[PDB]
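Numbering (the authors' numbering) for the sequence shown: 1 to 370, 372 to 500. We treat Cβ as the ideally placed atom computed from N, Cα and C, and that holds for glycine. Worksheet for the structure shown next.
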Amino acid sequence: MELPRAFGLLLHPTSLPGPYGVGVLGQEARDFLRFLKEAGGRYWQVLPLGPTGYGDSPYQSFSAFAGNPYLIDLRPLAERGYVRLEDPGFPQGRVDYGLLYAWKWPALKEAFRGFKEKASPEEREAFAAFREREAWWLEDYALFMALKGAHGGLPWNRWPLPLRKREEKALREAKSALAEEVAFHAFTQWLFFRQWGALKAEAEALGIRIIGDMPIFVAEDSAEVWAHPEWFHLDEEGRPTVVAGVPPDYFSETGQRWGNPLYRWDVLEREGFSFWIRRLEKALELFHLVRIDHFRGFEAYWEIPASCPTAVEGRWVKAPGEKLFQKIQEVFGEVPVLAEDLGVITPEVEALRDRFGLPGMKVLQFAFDXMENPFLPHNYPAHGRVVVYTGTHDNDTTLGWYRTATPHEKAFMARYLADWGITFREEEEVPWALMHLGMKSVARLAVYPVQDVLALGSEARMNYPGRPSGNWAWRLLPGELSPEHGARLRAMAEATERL
Ligand SMILES: *[C@@H]1O[C@H](CO)[C@@H](O[C@H]2O[C@H](C)[C@@H](N[C@H]3C=C(CO)[C@@H](O)[C@H](O)[C@H]3O)[C@H](O)[C@H]2O)[C@H](O)[C@H]1O
Ligand SMILES: OC[C@@H]1C[C@H](O)[C@@H](O)[C@@H](O)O1
């Protein structure tokens, strides 16, 4: 993997502007890629693109393979007469996931019935071909989703045992009885991957690479966990005996208790790591670079007992990261992965990362709270193989962060910036000052959240880790991301050898 010296922008597709309550894979997405090209940007970073449940988090999806039906543009379907679209009164500047849930699912189902009614034979055959091609995960996903309508939205591990345990007759009967519902979920996937593939081709024509993302741990209530319970630490009822998270941090005094099921890595190794090969394969269909959230988990993971309500109780357990990445390398060739190596990082995590040539990350919001700080540009690797951010989707906006920063952080930030020739007068200028610092550094890639380009405060924060609600909702307003913003990004990239 050869990283050129460049910049990019972090913008989850949901945050795009446009009608009907959520950003989608259509014209406004194309406009953003055009904006990015004219700004001199060469990378677009997104978060995981799978279907979300309660909390609306990309990082806890009903499937490790499925695409988010909320990202489906309905306008192309309306043009073909499959559905009539009416705005129910979506807000400006944010996703109302409650109203989106209430309006978009019925609109998708209406489009599916219209499709079965009016679709040309060519479209039906394309849809059927897609299904055959993706059956190895799609049959499980569509039935998993279909079965939730038969059982009050219960998670798979609360379903009647014959279904929970995937008995052959139970499954066969269910697939038959829920044939239409199964087909509708398949249809949402066909549309997602067609629309994404189109958008990927557009990015490629404009010289833009898409950085994707995948959590190390998958979600408890997901189709693949249901299909392969032996791969996870579950009890006889299919419930996790232990769960994922991070220990009592400097940050969180009780930690983060993520709740995800943990892998039986011994079982995965004996099985040949097929889940990981497939995940990476699928990610590489959608993205040019893929980041793995919590990369340190491949070396060792914090195992929290299920009966513990926080992340305080537990232990570190070693994982065969070396074994997995040797296998990936001998089977894919060259690891096109980015390591999310934030948090408590040991020498063993770093050596695993460096052994496989994986670029790590740097976050400038973390750089000013103590000159040996690793997030300060002068401490970055000489080889430059790192991605620098002002903040990620888990951080506040940089203006928001600055407003609550400690006096010592603020003073050291100003001085350190001054050492790099960078000055500012107004606090609203801090996001651009830090973006400038990142671009001046040796990091091959500088990727910035669009909220920092706009210098927005804490209201535009994408995620606040720990809080279960109010997240993943920020959206651009139409025209907010202006030609002048693009020209300023372009000047900065030109001034720092990134164009
Ligand atoms: C890396 O992965 C993180 C873990 O998934 C992700 O975190 C966000 O998404 C989580 C799903 C969300 N909720 C979980 C966290 C808890 C406590 O920390 C539990 O109480 C919930 O039941 C879980 O669902 C996180 O709050 C949220 O930060 C990061 O965004 C990603 O970078
Ligand atoms: O959830 C945000 C971060 C993600 C990261 O992988 C982990 O190390 C911890 O610090 O929390």
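Cβ pair residue i, residue j closer than 8 Å
| i | j | result |
| --- | --- | --- |
| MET361 | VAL387 | yes |
| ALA179 | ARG499 | no |
| residue 510 | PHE144 | Not covered by the structure: residue 510. The range shown for the chain is 1 to 500. |
| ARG462 | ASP397 | yes |
| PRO155 | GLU220 | yes |
| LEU33 | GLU285 | no |
| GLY149 | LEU490 | no |
| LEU262 | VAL243 | yes |
| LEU85 | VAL24 | no |
| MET436 | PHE368 | no |
| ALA146 | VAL95 | no |
| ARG264 | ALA64 | no |
| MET214 | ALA111 | no |
| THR188 | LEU108 | yes |
| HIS486 | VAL443 | no |
| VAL389 | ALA339 | no |
Residue burial classification, residue i (beta-carbon count within 10 angstroms, cutoff 16)
| i | result |
| --- | --- |
| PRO160 | exposed |
| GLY26 | buried |
| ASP266 | exposed |
| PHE287 | buried |
| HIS409 | exposed |
| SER470 | exposed |
| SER15 | buried |
| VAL46 | buried |
| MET372 | exposed |
| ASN380 | exposed |
| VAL344 | exposed |
| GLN326 | exposed |
| residue 502 | Because the chain here runs from 1 to 500, residue 502 falls outside it and cannot be looked at. |
| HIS384 | exposed |
| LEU10 | buried |
| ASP420 | exposed |
| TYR417 | buried |
Check: residue i C-beta below 7 Å from any heavy atom of ligand 2
| i | result |
| --- | --- |
| residue 515 | Because the chain here runs from 1 to 500, residue 515 falls outside it and cannot be looked at. |
Distance cut-off 7 Å: residue i Cβ against heavy atoms of ligand 1
| i | result |
| --- | --- |
| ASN380 | no |
| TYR59 | yes |
| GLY55 | yes |
| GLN256 | yes |
| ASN464 | yes |
| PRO305 | no |
| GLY259 | yes |
| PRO469 | yes |
| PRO17 | no |
| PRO215 | yes |
### Query
Would the segment 426 to 441 and the segment 393 to 408 be scored as touching if the rule is three or more Cβ pairs under 8 Å?
yes
### Query
Which residues are close to ligand 2, meaning CB closer than 5 Å to any heavy atom, in chain order?
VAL246, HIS294, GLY343, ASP395, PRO466
### Query
Touch check for the segment 337 to 355 and the segment 291 to 301: three-plus C-beta pairs under 8 Å?
yes
### Message
I want to know whether the segment 207 to 222 touches the segment 60 to 71 - three or more CB-CB distances under 8 Å.
### Response
yes
### Query
Are the segment 241 to 259 and the segment 161 to 175 in contact at 8 Å, needing three or more beta carbon pairs?
no
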